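Take a look at the structure tokens below, where one protein chain is shown in two forms, each on its own, as structure 1 and structure 2.
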Structure 1
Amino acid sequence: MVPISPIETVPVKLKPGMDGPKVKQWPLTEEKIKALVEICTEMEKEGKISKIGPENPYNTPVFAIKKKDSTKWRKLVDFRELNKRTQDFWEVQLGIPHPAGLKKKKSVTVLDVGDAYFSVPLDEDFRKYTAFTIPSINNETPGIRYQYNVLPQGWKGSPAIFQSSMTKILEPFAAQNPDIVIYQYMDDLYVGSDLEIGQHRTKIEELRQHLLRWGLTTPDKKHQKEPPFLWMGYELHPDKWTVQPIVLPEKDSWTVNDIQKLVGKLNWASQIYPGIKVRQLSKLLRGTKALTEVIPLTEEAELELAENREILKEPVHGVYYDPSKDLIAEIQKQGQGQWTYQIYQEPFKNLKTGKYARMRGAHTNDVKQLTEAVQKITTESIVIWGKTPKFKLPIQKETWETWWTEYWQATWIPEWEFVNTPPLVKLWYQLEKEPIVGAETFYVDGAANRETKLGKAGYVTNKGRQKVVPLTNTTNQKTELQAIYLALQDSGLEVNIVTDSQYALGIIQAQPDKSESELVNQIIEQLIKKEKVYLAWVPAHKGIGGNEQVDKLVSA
């Protein structure tokens, strides 16, 4: 015998207050029982499970299933109840690597470690909770009782415990061989390197020898699995990567389900196919949530779809990460709240692409959206590469300086340079910091009856210009904006506007360039046409002439 090192068990507990499962084993056909007895006899000989006495009070149901197109049976132990009762574990499989963060490798070898998985020992004190029962022929003897000695397939803790155990075994090999990478996925180890090929295979043999110390055997035959690897919806090649084939179906009519699937594919595709858009197609999923409902595609959605088909006409690949070079991220505005981006190191060789969509909200502007997109790409890049890329943005340096210095919030974007690629993000208006000499002063107000929704909006000016308009289906807040609109509409190129509307100020001080409100949009269009606008706020009902005059006019 060659001594092997035992794998240390991970101590396991049920959730506080909970006991183990006690679930009835339902009858099986005579055929299934003979099959299970045979299966379990082999497992028992291999040390995976053990017969137990009548004292153990727990139970998990066992089943026998036909794979398909065979005479063979397989055992299935249904651990659903035990899983509900088993403690949570640390899950490492959360956060899978992005292909764009990987490094190119000359060689990648796959090693089968299937013998390891079904051979990690289970915490002795926990084994009792895994008890199951093969029913007896004709139910005339006690059913055969077994419990697990190893991590059972389908039990809550098996993946975490297998991963942690394998990692611990591999750790010294990885540490003392910094010229290879090792990655564990399901049943296999993947080993990559840039070594001269003879040296690479030597490393593989050394790894096999290392694993042998725990009794882990790997098949003598060299793996059939070789690059390219189909993995987590990607294709990995030695020196490039892509998403698995994206094929958009032809359909004469589309349902909720079809569109959700369309968008999923588009979203998946957008990490390497530049320019993918999903705004119009996503709009069709607004509300709804009735799966079989057919929705007509708007002309807009049709155009978006056709634009995507073109983008997806031929394969595109990303390159891997070279740590010795800067990462560069470039962003374009696409319209309707949509932004697209590319991250590269060498010109014309993307590591990945992506998109960002405007957050829901009544009012917004391009600079805020660009800023949000920058933060999102920054955070993604920290995840993937551990560093912020240098940005190329379609906004002039002077425009940014004016924006951030005058904006009421703190705001920042990291190191960036202007790229002159239309459409450029710009400031559409900026309000005056001081009242304008020689500009007419409009005192505005509005009011509405909250019952009838009848209102009035209007203004009076220092030149005696006046206007009041009677309105239906309005509200006090809406009349306040309506009044400001009228003052903008009726004034010359420079204008001072005095309002008591905290609501209106709150919106305008937010500097929107676009809004869901047609009225706010019209106000924005008016501001864009002015040379100078000063907006002054006063408290309501304070005897502030101009303001009180117009408040009275618009009241009733």
Structure 2
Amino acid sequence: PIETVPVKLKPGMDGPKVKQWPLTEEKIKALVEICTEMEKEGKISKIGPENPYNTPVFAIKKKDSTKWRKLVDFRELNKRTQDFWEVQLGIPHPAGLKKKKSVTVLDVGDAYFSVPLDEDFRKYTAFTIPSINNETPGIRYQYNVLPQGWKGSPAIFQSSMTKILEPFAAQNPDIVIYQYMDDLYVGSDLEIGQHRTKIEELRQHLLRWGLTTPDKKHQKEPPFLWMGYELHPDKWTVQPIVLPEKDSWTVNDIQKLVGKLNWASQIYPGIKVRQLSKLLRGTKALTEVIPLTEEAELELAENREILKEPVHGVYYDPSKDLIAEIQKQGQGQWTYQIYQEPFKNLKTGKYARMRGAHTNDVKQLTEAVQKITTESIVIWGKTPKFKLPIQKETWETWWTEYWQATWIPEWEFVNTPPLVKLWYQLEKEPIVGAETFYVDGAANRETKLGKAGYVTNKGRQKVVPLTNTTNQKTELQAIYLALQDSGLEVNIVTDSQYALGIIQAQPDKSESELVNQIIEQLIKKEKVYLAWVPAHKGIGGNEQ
């Protein structure tokens, strides 16, 4: 007696008309045996010969062939059906669940077949059981309920279940029901007996609406295995992770490995995916066998070492503060733990910067804080207090002169190394009593030979030849040369807005070794003033 949900076909379309020959005999007989018992239960209805629409039908088998199974391919109907609201995009995270004295899992069978389909739409679900071919007329049917694999089934079922749950949820405001597509998860602080009573009451409720529930008392017992997790009464963790050992590794195996490691990273602190992803950098040849580097194998070894012992997360207590702490792993990788308690983590995680060839520690820290803030908002509906390995003056110095707008909430300094520091700062004004290097570099797009060099005000001049370099590379190489050949205080002048761009960003690390060496030089120096001038205006420029 559930109220149906009205469904339309996409505008300008009509019900699917298809023809199905296959197959054989015993499949037809089995289809008859199934459809008779289905019609008996009112789930389907036989329609007299007319000019309706039609959908293909196949018959298959599960293990222990004593069971037979019917399958209908609805793809042709699904394309013609209207769009529906999204069922759910994601699942609740165990770290965000709250402890209840008891939790019960109920699963409803024939969930879709237990809910009615909109009447006027039913004619579009029509299919045919072909008689063995003498030309004998086939058996026409249509669905009176939500067909399996139909576009609208999960959403309509979800809303139906919600409305069915409505009157029971009103009588029991102190019990908590999570709805998943085939599942209901109930929980309470009620004494065990009262809990079993309430669960049985709910079962009878659902049964009055035609929804079956497990007859064994509560069915499954904790710990529960759900969506790759393990939910124990007082704790949560992940289902056991198996890292395979092989001589040969393809792209697929590395994909699965990175998948399992990422999945593990939520509860297990310290997991590093960098090198193993570096192996997967290539978009080429999804079946390609990839040799493992030494860094990748070391990383994998460390991950195995971490995964040796089990670890588990706790549940959420709203009465207590939400704290998040971040540590730098050093390769550009960052790890973090979210906890209300010192020895217990709600969850953990990692941030890694893939985009851009140049960055610094403070920026990455900001990005991590952003990610954690977003995740916290999603899971717990609030934002954590931060414990960060950075001095306040450092952060302030950074965000004050940074071109973007950045924001961090209330945070406190943690002394745990490695600290986040500014490894150098360019002078905002030129340096008196310092040699002025006018640097320039150039290349040839064809030969890629090129050269770098400088001319100072004291008369010093140098030109170094290069091989297999580009214009940008020489433009940076010039500045590197100036840094090498000068004192602890130097004024550099470049006509390259590129090099100025890279350097003024104040990166503490880069993929390019050249930029790294330049960083080392910048750190070694006391005072460095980099300045820019328009190229080819014939003022302070080098010509080579």
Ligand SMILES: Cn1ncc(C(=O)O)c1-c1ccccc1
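Basically, rigid core = biggest C-alpha set you can superpose within 1.5 Å across the two forms. Sequence positions of structure 1, starting at 1, serve as the residue numbers.
The second of the two structures is the form deposited without this ligand. In the core-aligned comparison between the two structures, the C-alpha of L481 is the only one from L393, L82, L351, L481 that shifts by 2 Å or more. For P539, a C-alpha deviation of 2 angstroms or more is recorded between the two structures after rigid-core alignment. The two forms, fitted on the rigid core, differ between the two structures by 2 Å or more at the CA of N496. In this overlay on the rigid core, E42 has a C-alpha that sits less than 2 Å away from its partner position between the two structures. Core-superposed comparison between the two structures: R286 shows a Cα shift of 1.2 Å. Core superposition places the C-alpha of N139 4.1 Å apart between the two structures.
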